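The structure appears below as structure tokens.
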Amino acid sequence: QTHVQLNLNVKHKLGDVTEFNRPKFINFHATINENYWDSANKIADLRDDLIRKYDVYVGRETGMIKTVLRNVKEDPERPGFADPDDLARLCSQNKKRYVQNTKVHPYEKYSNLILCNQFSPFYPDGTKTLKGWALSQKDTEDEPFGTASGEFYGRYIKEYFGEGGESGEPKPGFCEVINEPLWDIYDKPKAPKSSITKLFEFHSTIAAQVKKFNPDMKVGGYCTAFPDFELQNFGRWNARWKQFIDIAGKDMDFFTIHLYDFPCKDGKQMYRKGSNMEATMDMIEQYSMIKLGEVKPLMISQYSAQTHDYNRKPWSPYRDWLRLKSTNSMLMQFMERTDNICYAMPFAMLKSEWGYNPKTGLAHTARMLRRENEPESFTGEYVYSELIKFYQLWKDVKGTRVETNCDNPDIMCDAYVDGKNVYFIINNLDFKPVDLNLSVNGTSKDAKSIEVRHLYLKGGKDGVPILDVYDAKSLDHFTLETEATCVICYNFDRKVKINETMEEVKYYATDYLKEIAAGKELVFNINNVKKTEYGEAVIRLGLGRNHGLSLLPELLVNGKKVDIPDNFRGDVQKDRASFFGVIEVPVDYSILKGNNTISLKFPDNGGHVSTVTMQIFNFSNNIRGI
Ligand SMILES: OC[C@H]1O[C@@H](O[C@H]2[C@H]3OC[C@@H]2O[C@@H](O[C@H]2[C@@H](O)[C@@H](CO)O[C@@H](O[C@H]4[C@H]5OC[C@@H]4O[C@@H](O[C@@H]4[C@@H](O)[C@H](O)O[C@H](CO)[C@@H]4O)[C@H]5O)[C@@H]2O)[C@H]3O)[C@H](O)[C@@H](O)[C@H]1O
Ligand SMILES: [Ca+2]
Ligand SMILES: [Ca+2]
């Protein structure tokens, strides 16, 4: 059995973050004003049900800005620029419509918009708009590449947005430059394979133009489709994210990526959830520290699963389950880095009727709503898809984060205390059920009631997701299903007393990305580590190696041997072309100092140590009783 401990009197602080952030995490890729809320739905007031009743936030939108770009007239004085007057006119028309849409104004408190451009025709590669002109492709001293695209974006923001309600739509919280650009530039079928660094330069130019018109706006990039750093023996890292940080990092307010699991790509299962995404995120942070001297806030503006083998099929509950299980696991991992994550948005749209293709009968593959007669036909009124089960599972969850421990790296856990209520969340990265033994420490009182919520798959492949919700008299043991999540809600007679603190601090090494040779010591240094009397620690070894090569180096920390566990977070990456993941290594706190030397020695040749970082967990008192 796996032992899962909730220390509900011990605050878990990370930076200045001590609380669950519902807007940052419990959200979807929608806006309050899309017209799809207001027709063809079984529920008459769907905003009240989804946004208000479930307390769900928004959002992200790229379609309105695309429509304006594709239809705006060209400046007669400046070939390749949007006409400022016509741009102001189109934006004013849209503003007037927002101003008159008074029914949506009370929902602005649920909205913090991520604005982004779709790749085309915003990227100035010669693609013409519906008006027959292309954004300027110049790259001169006075007109650096992207000047016209940037001016369009800055003017759009200035002209369309107001300050809420009858003054116009609130300004976006975040402006991403461009969606998944290297997919179109380099990786898609028949891509032109034009310059990669030119796209990075373009980001600095866009940021400068947006800020010329809108001085306080936050700009970010590069909104990566598939951040796959280990490919070509880390040549992909070196050509892409490394260069983006070197070229544009200083000009970005935030970094942004997309993270998708591949549960079914020609029958293969290639996951990011677990150790792989830990390696991706650690590498961005570590190289940002080396080059920029600071970790940049990270946005994940689309995440969950891409379901290739089901993307030419009609809707099913099973396809929704594939998305659900990736969402829950990735969310837990983003919650662990809440101090350096500014926004994480599951890729689920409200309705996306525009994505229905009548030639094939295929609807959009990531919808909160589906028509009642799907999958047989795209007819009938809209009802919730199975993706609503995510928001049902996470309903009410809020409060001050408290310490949890689960002695199986395939089991992730977290917990939040909201007055009398405690939410204990447990997620399974393993591909079988896991029996859990639960301990709740730090109070002398038993809970008044326990509500168990368990989201799992019934019936195997092509089965259905089930959200079981029930009251329990006690919960000392619980079997968490394959890739499942539970949210256990404890209700107490009186407010829970939080009287200790565990402060987590993450430390980076002085260097990174070292080639592995057999028998050759690799030395990393992690310095200025602050210790207290009582604490715990985890060393984080990012390894990128071909299959068959050892993931069990000899590890010395300050000259002392430290064992590496056989088990790490998530799957062994069998169907991936190589292993890329962080191996988390508990380390005796007494071995650590302020300046630390971490030595690795492998028995075999090949691959890299991508990063070595360390989490320190410092206690306010002897909370373990050692
Ligand atoms: O499209 C017009 C429409 O856009 C709407 O806004 C879009 C904008 O923000 C939300 C909407 O979707 C986003 O784009 C994503 C979306 O189109 C999904 C599909 O639902 O696709 C995602 O990209 C996919 C596609 O291209 C890159 C990525 O993967 C690709 O698949 C590949 C496989 O085919 C292959 O076998 O394997 C490789 C890996 O090796 C890939 O997996 C492909 O599926 C998009 O990110 C944003 O564009 C707007 O709201 C509307 O008004 C209207 O403008
Ligand atoms: Ca990309
Ligand atoms: Ca990449």
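In this chain, residues are counted from 1 in sequence order. Both counts, for ligands and for their atoms, begin at 1 and track the order of listing.
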**Message:** Could you work out, for atom 5 (C) of ligand 1, the closest of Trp354, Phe347, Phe119 by heavy-atom distance?
**Reply:**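 The option holding the nearest heavy atom is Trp354.
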For [X] and [Y], I'd like to know if the aromatic rings sit close, meaning centre-to-centre distance below 6.0 Å.
X	Y	result
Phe28	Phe390	no
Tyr36	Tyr382	no
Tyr123	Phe145	yes
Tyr512	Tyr287	yes
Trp241	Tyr222	yes

**Message:** As an exercise, identify every atom of ligand 1 less than 4.0 angstrom from a heavy atom of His364.
**Reply:** 20 (O)
**Message:** List ligand 1 atoms under 4.0 Å from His29, heavy atoms only on the residue side.
**Reply:** 9 (O), 10 (C)
**Prompt:** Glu386 versus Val464: any side-chain heavy-atom pair under 4.5 Å?
**Reply:**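 The answer is no, as the side chains (C-beta and beyond) never meet within the 4.5 Å cut-off.
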**Item:** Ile178 vs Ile206 side-chain heavy atoms within contact, under 4.5 Å
**Value:** no
Suppose we measure from [atom] to each protein heavy atom; which comes out shortest, and what is that distance?
atom	value
atom 48 (O) of ligand 1	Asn179 ND2, 3.5 Å
atom 45 (C) of ligand 1	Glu180 OE1, 3.6 Å
atom 40 (O) of ligand 1	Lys265 CE, 4.0 Å
atom 39 (C) of ligand 1	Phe262 CZ, 3.9 Å
atom 30 (C) of ligand 1	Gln306 NE2, 3.6 Å
atom 53 (C) of ligand 1	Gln118 NE2, 4.0 Å
atom 6 (O) of ligand 1	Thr62 OG1, 3.1 Å
atom 29 (O) of ligand 1	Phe226 CZ, 3.3 Å

Protein non-hydrogen atom below 4.0 angstrom of [atom] present:
atom	value
atom 21 (O) of ligand 1	no
atom 33 (C) of ligand 1	yes
atom 17 (O) of ligand 1	no
atom 26 (O) of ligand 1	yes

Distance-only N or O hit between ligand 1 and [X], under 3.5 Å:
X	answer
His258	no
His308	yes
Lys66	no

**Considering all heavy atoms, the nearest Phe226-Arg236 contact** =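 Of all heavy-atom pairs spanning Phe226 and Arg236, the closest is O-NH2, 2.9 Å.
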**Fill in**
In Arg337, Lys291, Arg540, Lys296, the residue satisfying salt bridge (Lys or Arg N to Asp or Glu O under 4.0 Å) with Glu285 is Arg337
**Item:** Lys351, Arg371, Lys42 screened by salt bridge (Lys or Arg N to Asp or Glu O under 4.0 Å) with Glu381, the one that passes
**Value:** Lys42
**Asked** Under 3.5 Å, side chain of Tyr391 to main-chain N/O of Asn27, donor-acceptor pair present?
**Response**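 Checking the backbone N and O of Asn27 against the side chain of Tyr391, a donor-acceptor pair under 3.5 Å is found.
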**Message:** Residue-level breakdown please: for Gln302 versus ligand 1, do any non-hydrogen atoms fall below 4.0 Å on the side chain, on the backbone, on both, or on neither?
**Reply:** side chain
**Message:** Below a 4.0 angstrom heavy-atom separation, can you tell me which part of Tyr260, side chain or backbone, both or neither, approaches ligand 1?
**Reply:** neither
**Message:** Under 4.0 Å, counting heavy atoms only: does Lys188 come that close to any atom of ligand 1?
**Reply:** no
**CH2-CD distance between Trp37 and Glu34, expressed to the nearest 0.5 angstrom** = 7.0 Å
